[PDB]
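Top line first, the protein sequences correspond to chains A and A'. A prime marks a further copy of an entry chain.
Counting from 324, one number per residue, gives the positions in the first sequence under the deposited numbering.
Counting from 639, one number per residue, gives the positions in the second sequence under the deposited numbering.
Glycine residues also receive a C-beta, built at the ideal position from the N, C-alpha and C atoms.
Right, one structure below, let's go through it.
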Amino acid sequence: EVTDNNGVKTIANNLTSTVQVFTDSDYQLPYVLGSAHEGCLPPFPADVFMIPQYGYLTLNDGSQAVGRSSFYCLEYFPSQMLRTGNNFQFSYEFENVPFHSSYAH
Amino acid sequence: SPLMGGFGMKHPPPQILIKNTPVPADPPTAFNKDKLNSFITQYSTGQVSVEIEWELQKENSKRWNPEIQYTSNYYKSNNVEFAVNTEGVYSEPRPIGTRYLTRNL
């Protein structure tokens, strides 16, 4: 918890607050990975990174929406709640992809 | 996939061919080798029934928004759409397609 008293930043930890996590495992959210976005885990293990903000685009008539435009409340999914003693584990099996050709002819 | 729409099949439902069996009128009393072009005029009538089982894919959207649906209109008219008129002739008002629900790409 960060507090601002007279322009002074004091950071205290809030032991009872939670963080919500879920994996969109049924693929029912717009998928924004796969657009080559600058928000990833840093190449160097000793770096600390900010988590990028999630957002999506739907059908637009210029700047306007249309009837087919879909809105997603992410709080409508079941999430896991974590307060500082909790951890989150996720396992995934890749589908059968071909080997990437790591050679020249 | 057929260009006019539908399900393309190597082995579609087989053609059903039907014919009235020719009934010769009456042959001459002396023999003739020609192929008896005189016939009794007749036609057949019957009932035909077709039963098709269709497998369905139920819509499973997490969309919060109400969707576009095919509907009839609640406005006074001379005839009911998709009914018969005073003459007794059945007519179909417009061509109804199958794309009203929505999915993400």
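query = For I334(A), which beta-bridge partners are listed by DSSP?
reply = Residue mapping note: residue 334(A) aligns to position 11 of the first sequence, counting from 1. Looking at the DSSP assignment, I334(A) forms a beta bridge with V325(A).
Exercise. Pull up the DSSP beta-bridge partners for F677(A'), would you.
Key: For the purposes of this step, residue 677(A') is taken as the residue at position 39 of the second sequence. Beta-bridge pairing by DSSP links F677(A') to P662(A').
Discussion item. Out of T659(A'), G684(A') and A668(A'), which one is the CA nearest neighbour of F677(A')?
Written reply: Translated into the one-based positions of the second sequence, residue 677(A') becomes position 39. The residue with the shortest Cα to Cα distance from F677(A') is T659(A').
>> With H, G and I counted as helix, E and B as strand and the rest as coil, what does DSSP make of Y399(A)?
In response: Taking the first residue of the first sequence as position 1, residue 399(A) is located at position 76. Per DSSP, reduced to three states, the secondary structure at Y399(A) is helical.
| request: Mind checking the region 376 to 389 of chain A against chain A' and listing, in chain order, the residues whose C-beta falls within less than 7 Å of any C-beta there? | output: Against chain A' - using a Cβ distance shorter than 7 Å - the region 376 to 389 of chain A contributes no residues.
Open item on the list: When you compare the region 355 to 367 of chain A with the region 332 to 345 of chain A, are there three or more beta-carbon pairs, one atom per stretch, that lie closer than 8 Å?
Closed with: They do not touch, by the three-pair rule.
Exercise. What are the residues of the region 685 to 701 of chain A' that lie near chain A, defined by any Cβ-Cβ distance shorter than 9 Å?
Worked result: Those residues of the region 685 to 701 of chain A' that come within reach of chain A (Cβ to Cβ, closer than 9 Å) are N698, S699, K700 and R701.
Contacts that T679(A') makes with chain A (C-beta to C-beta distance below 9 Å): Reading the second sequence from its first residue, position 41 is the one you call residue 679(A'). Correct list: empty, because the minimum Cβ distance to chain A is about 60 Å.
Supposed contact pair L364(A) and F372(A) - C-beta distance, whole angstroms, cut 8 Å: Along the first sequence, one-based indexing puts residue 372(A) at 49. Along the first sequence, one-based indexing puts residue 364(A) at 41. About 6 Å; that satisfies the 8 Å criterion.
Original post:
Roughly how many angstroms lie between the CA atoms of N716(A') and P662(A'), to the nearest whole one?
Top reply: Residue numbering aside, residue 716(A') sits at position 78 when the second sequence is read from its first letter. Residue numbering aside, residue 662(A') sits at position 24 when the second sequence is read from its first letter. Approximately 53 Å between the Cα atoms of the pair.
Any Cβ of chain A within less than 8 Å of the Cβ of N742(A')? For the purposes of this step, residue 742(A') is taken as residue 104 along the second sequence, with counting starting at 1. Judged by the 8 Å Cβ criterion, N742(A') is in contact with chain A.
Cβ pair count under 8 Å reaching 3, the region 710 to 727 of chain A' against the region 412 to 420 of chain A
no
* Taking Cβ to Cβ, would you say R701(A') is nearer than 8 Å to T736(A')? -> The sequence position of residue 701(A') within the second sequence is 63, counting from 1. The sequence position of residue 736(A') within the second sequence is 98, counting from 1. No, they are not a contact pair.
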